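Under PDB author numbering, read the sequence shown as residues 15 to 263, first letter to last. Where is the CB? At the ideal position from N, CA and C, for every residue including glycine. Below is one structure, written out as structure tokens; comments come after it.
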Amino acid sequence: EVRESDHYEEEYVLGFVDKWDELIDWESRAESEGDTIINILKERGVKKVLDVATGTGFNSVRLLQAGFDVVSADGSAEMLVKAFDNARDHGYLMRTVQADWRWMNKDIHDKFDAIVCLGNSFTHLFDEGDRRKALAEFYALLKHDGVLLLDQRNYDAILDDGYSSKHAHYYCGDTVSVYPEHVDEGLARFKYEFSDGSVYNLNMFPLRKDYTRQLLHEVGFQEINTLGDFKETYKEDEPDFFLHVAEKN
Ligand SMILES: C[S@@+](CC[C@H](N)C(=O)[O-])C[C@H]1O[C@@H](n2cnc3c(N)ncnc32)[C@H](O)[C@@H]1O
Numbered sequence: 015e016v017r018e019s020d021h022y023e024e025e026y027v028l029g030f031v032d033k034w035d036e037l038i039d040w041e042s043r044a045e046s047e048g049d050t051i052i053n054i055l056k057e058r059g060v061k062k063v064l065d066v067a068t069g070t071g072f073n074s075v076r077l078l079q080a081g082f083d084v085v086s087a088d089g090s091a092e093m094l095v096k097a098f099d100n101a102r103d104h105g106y107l108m109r110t111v112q113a114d115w116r117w118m119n120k121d122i123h124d125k126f127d128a129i130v131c132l133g134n135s136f137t138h139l140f141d142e143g144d145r146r147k148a149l150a151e152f153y154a155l156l157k158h159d160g161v162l163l164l165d166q167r168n169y170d171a172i173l174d175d176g177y178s179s180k181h182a183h184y185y186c187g188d189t190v191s192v193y194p195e196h197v198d199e200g201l202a203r204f205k206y207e208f209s210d211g212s213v214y215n216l217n218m219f220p221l222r223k224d225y226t227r228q229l230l231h232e233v234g235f236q237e238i239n240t241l242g243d244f245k246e247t248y249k250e251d252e253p254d255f256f257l258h259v260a261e262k263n
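Structure representation (structure tokens):
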């Protein structure tokens, strides 16, 4: 029945991350990414980190290499297998937990100095109730002085700049291009095209910057610093990403 379709959408994204990891090696990605995330955590004396969007494990492995104690959670068991084996290949024992954002402490019973939700993951929630619930679950998993690091694409530029926003964005040189095929206030569909000709189309929710900030404030975070993050190969006046640094207190 509809199990075939749900299996297809999971397999589609799994193929997407496999293609990304096939053509974009992690060392190139680590050097392109700053050490900004790591230093932010270090400056706050973070030891214990929960990654709630492990995916194939890049953020988790980077934090393990940096010396953090990391728990690697993801809603997808198949992602966590890839993440664990990638960490293994880099010489690290990952601690994987399958967990849905709407009930994060079902199987995670510890509290954390920081949570990372990176790679533009939070945009995958299309329901506002789910968005609030997810952020409340993260908030409850933080120690009193903990911090949430949560990023997203800059959807404001696409929703507002109009004709000047209808162009592709490139990552890791020219290895992948990302083109906004369709954007309205409720839905953004991007075309991802890789250097080998592979094409994937992915849906996400186009969170406005101040909306995300409003959600974070509303579930109880007391201080939110939003940083512009220029990750694309051909920089523009507007950053293509934002990084929210939300302090529980
Ligand atoms: C874009 S990937 C991020 C990968 C990694 N952070 C990186 O940048 O390399 C987003 C991940 O979040 C997970 N995810 C999406 N919705 C979720 C939910 N409701 N609960 C738990 N995980 C979810 C997906 O399984 C996927 O692995």
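Cut-off 7 Å between Cβ atoms - residues of its own chain near residue i, not counting five sequence neighbours on either side
| i | result |
| --- | --- |
| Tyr-248 | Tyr-184 |
| residue 5 | There is simply no residue 5 to check, as the chain begins at 15 and stops at 263 in what is shown. |
| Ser-42 | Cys-186 |
| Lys-125 | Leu-155, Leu-156 and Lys-157 |
| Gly-234 | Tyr-153 |
| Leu-132 | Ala-67, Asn-73, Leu-163 and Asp-165 |
Boundaries (first-last residue) of the beta strand (DSSP E) holding residue i
| i | result |
| --- | --- |
| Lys-62 | 62-65 |
| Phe-126 | 126-131 |
| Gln-112 | 110-112 |
| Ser-209 | Neither: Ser-209 is in no beta strand (DSSP E) and is coded neither H nor E. |
| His-258 | 255-261 |
| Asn-239 | 237-243 |
| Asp-83 | 83-88 |
Nearest-angstrom Cβ-Cβ length linking residue i and residue j, presumed shorter than 8 Å
| i | j | result |
| --- | --- | --- |
| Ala-101 | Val-75 | 5 Å |
| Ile-238 | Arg-227 | 5 Å |
| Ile-122 | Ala-67 | Actually they are not in contact, since the Cβ atoms of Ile-122 and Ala-67 sit about 14 Å apart, beyond 8 Å. |
| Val-161 | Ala-260 | 7 Å |
| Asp-254 | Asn-168 | 5 Å |
| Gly-59 | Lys-96 | Rounded, the Cβ-Cβ distance is 31 Å, inconsistent with contact. |
Boundaries (first-last residue) of the alpha helix (DSSP H) holding residue i
| i | result |
| --- | --- |
| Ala-80 | 72-80 |
| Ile-122 | That residue, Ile-122, is in no alpha helix (DSSP H); it is neither H nor E in DSSP. |
| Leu-37 | 17-37 |
| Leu-229 | 223-232 |
| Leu-94 | 91-103 |
| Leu-55 | 50-57 |
| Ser-42 | 40-46 |
Neighbourhood of residue i by C-beta, 6 Å cutoff - its chain only, sequence neighbours within 5 removed
| i | result |
| --- | --- |
| residue 289 | What the structure shows of the chain is the stretch from 15 to 263, and residue 289 is not part of that stretch, so it cannot be assessed. |
| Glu-207 | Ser-191 and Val-213 |
| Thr-50 | none |
| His-104 | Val-75 |
| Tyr-193 | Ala-182 and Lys-205 |
| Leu-257 | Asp-165, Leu-241 and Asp-243 |
| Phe-140 | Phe-219 |
| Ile-38 | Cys-186 and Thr-189 |
| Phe-98 | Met-108 and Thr-110 |
| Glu-142 | none |
Beta-carbon proximity list for residue i, same chain, < 8 Å, skipping 5 on both sides
| i | result |
| --- | --- |
| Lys-120 | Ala-113 and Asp-114 |
| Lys-61 | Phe-82, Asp-83 and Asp-127 |
| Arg-116 | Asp-144, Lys-147, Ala-148 and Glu-151 |
| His-138 | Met-218 and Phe-219 |
| residue 283 | Residue 283 lies beyond the stretch modelled for the chain, which goes from 15 to 263, so this question has no answer here. |
| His-196 | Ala-202 and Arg-203 |
| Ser-46 | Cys-186 and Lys-245 |
| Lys-180 | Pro-194 |
| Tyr-106 | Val-75, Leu-78 and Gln-79 |
Fully enclosed by the stretch 151-206, which alpha helix (DSSP H) runs are 4 residues long or longer? 169-175
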